[PDB]
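Observations on the three-dimensional arrangement
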Amino acid sequence: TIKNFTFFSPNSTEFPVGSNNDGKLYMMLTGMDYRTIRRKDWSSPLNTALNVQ
Amino acid sequence: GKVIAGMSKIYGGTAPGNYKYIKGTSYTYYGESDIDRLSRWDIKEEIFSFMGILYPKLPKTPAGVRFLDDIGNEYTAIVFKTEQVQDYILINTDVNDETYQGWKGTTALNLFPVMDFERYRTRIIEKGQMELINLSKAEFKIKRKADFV
């Protein structure tokens with residue numbers, strides 16, 4: 001069986017895209033496994049006593 | 001204090017102003033310029049624990065209260081040196097559940113390791129006055145013991 005996601009749904013019900021399907025898609029596009037991340041600090045985290053914000 | 005002619009130190013009446021040295025009434029100063037700077041947090045009886053909400057001004061500068069005795073010397077001080085400006089420091093001196101947490105927004109931070117251990121000599125506050133170190137505003141709740149009531 002083949003499951004299609006990036007295709008148009010004639011009756012808006014044929015190919016719904018689940019969060020895990022997009023998860024796999026994104027992992028494949030960026031070349032990441034479950035043992036790494038993609039991370040970006042848009043603004044610097046702030047350290048206050050024994051805490052990181 | 002109010003300004004009174006002959007009683008206060010002013011050069012008034014006929015030019016070029018005159019202030020008279022009398023016996024008893026003489027000249028008494030009216031007040032002080034910017035008397036709004038003077039604020040005393042008075043401690044009249046010995047207190048045991050307290051729940052203060054400290055509002056700090058400058059970051060990285062030791063912020064917290066210190067206690068003065070009757071001669072203007074320091075015995076104890078709860079002072080913390082934070083990296084960023086906490087919106088308010090919550091301090092509780094209760095023996096059973098001591099709390100020293102720096103709140104910023106909705107986040108609660110433990111301030112125990114950042115505290116000055118040498119300055120904080122005793123929990124028992126004596127007769128004198130409290131001074132605010134690097135604080136914009138302060139809100140205190142004092143609990144004081146009575147053996148029989």
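Definitions and cut-offs
- Residues numbered from 1 in each chain as written, not as in the entry; some residues may be left out.
- Chains lettered and ligands numbered in written order.
- Part of a larger assembly, values for the part shown.
- Heavy atoms only, no water.
- Helix = DSSP H or I, 4+ residues; strand = E, 2+ residues; numbered from the N terminus.
- Contact = heavy atoms within 4.5 Å.
- Salt bridge = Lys/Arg side-chain N within 4 Å of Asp/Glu carboxyl O.
- Buried < 20%, exposed > 50% of the residue type's maximum accessible area, 1.4 Å probe, protein only.

Structure determination for this PDB entry was carried out by X-ray crystallography, with a resolution of 5.464 Å recorded in the header.

The PDB entry lists chain B under the name ORF15, from Lactococcus phage p2. As deposited in the PDB, this entry carries the title "Structure of the Phage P2 Baseplate in its Activated Conformation with Ca".

As recorded by the PDB entry, chain A carries the name PUTATIVE RECEPTOR BINDING PROTEIN and is attributed to Lactococcus phage p2.

**Side note on the environment of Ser8(B)**
All names here are of chain B. As for its placement among the helices and strands, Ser-8 is situated in the segment before strand 1 (41–43). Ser-8 sits twelve residues away from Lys-20 along the chain, and the two C-alpha atoms are 9.5 Å apart. Not counting residues up to four positions away in its chain, the partners in contact with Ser-8 are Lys-2, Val-3, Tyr-27, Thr-28 and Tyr-30.

**A word on the pattern of salt bridges**
Working definition: two side chains of opposite charge can pair if their charged atoms are close together. If you walk through the whole model with that rule in mind, you get twelve salt bridges over all chains. The partner of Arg39(A) in a salt bridge is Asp41(A), and the shortest N-O contact between them spans 2.8 Å. The exposure class assigned to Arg39(A) is exposed, which follows from its relative accessible area of 62%. A salt bridge links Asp42(B) to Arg40(B); its shortest N-O distance comes to 3.0 Å. Using a relative accessible area of 40% as the deciding quantity, one classes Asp42(B) as partly exposed. If you follow the salt bridges from partner to partner, you end up with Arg66(B), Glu74(B), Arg119(B) and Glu131(B) in one network.

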